[PDB]
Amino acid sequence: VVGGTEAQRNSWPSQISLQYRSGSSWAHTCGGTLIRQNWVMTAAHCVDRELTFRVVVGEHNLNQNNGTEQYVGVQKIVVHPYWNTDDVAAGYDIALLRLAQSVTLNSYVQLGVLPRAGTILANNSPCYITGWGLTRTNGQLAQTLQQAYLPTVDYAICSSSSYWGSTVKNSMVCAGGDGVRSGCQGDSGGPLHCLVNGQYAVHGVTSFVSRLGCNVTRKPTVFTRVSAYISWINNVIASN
């Protein structure tokens, strides 16, 4: 997250860190959302590589023990069957991870609330992105979880020529684009949290930013629209 602030430790308890095994070590690579005690929602592109992945729930500081972390292996990966890694602009950038164990819920670990199917946010709706991604273009991962206020940019503006044009689809949500605040690498797969009727729900799965940079004016961060995928998610969980 570029232009973020440090989140409080219990603000976003559905946020997870997706990590891969790297020699003797684990490395953060992506965000996700805990949506069942044994299921995580992330981006398909996050699991393109044939790696050993684990999920950390209750994480805050990636390089310090917080005393609240639970570490759980990924046992099964279900990628959206229409996802194409060499065509992120087509969409379908979504994947479900079944965990080897069910995690325990507490003030640091909770299920994300998903919007109702078909829900479309009005332009300029209030949302926050969260994650441990780069804090500058071509920078480095955050140590502690960051958040940034990213209001939505509706499809008619986002698919306009000076924004993303044909690259953005209605199966996506755009947010931000102010040139200062943005998602960045390492935030991919995590949540976009939007306040509706008093309650935060996870409306987006972070998918992509501009090849020119993370915080580019009129290139808002682009998210998979969760409310396009409610039946897909339910079908996968029901079948696994």
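Start at 1 and count along the sequence shown; that's the residue number.
Mean C-alpha B-factor is higher over 61 to 69 than over the other stretch, the pair under comparison being 61 to 69 and 42 to 50. The PDB entry reports B-factors from which the mean C-alpha value can be compared for 208 to 216 and 32 to 40; the larger average falls on 208 to 216. The residue among 117, 127, 89, 134 whose C-alpha carries the highest B-factor in the deposited model is 89. Across the options 153, 100, 97, 168, the residue with the most elevated CA B-factor in the record is 100. Annotation for residue 7: CA B-factor lies in the lowest third of the chain's modelled residues. Per the PDB record, residue ranking by Cα B-factor puts residue 177 in the highest third of the chain. Compared with the other modelled residues of the chain, the Cα B-factor recorded for residue 1 ranks in the lowest third. When the modelled residues of the chain are ordered by C-alpha B-factor, residue 194 sits in the lowest third. When all modelled residues of the chain are sorted by CA temperature factor, residue 157 is found within the highest third.
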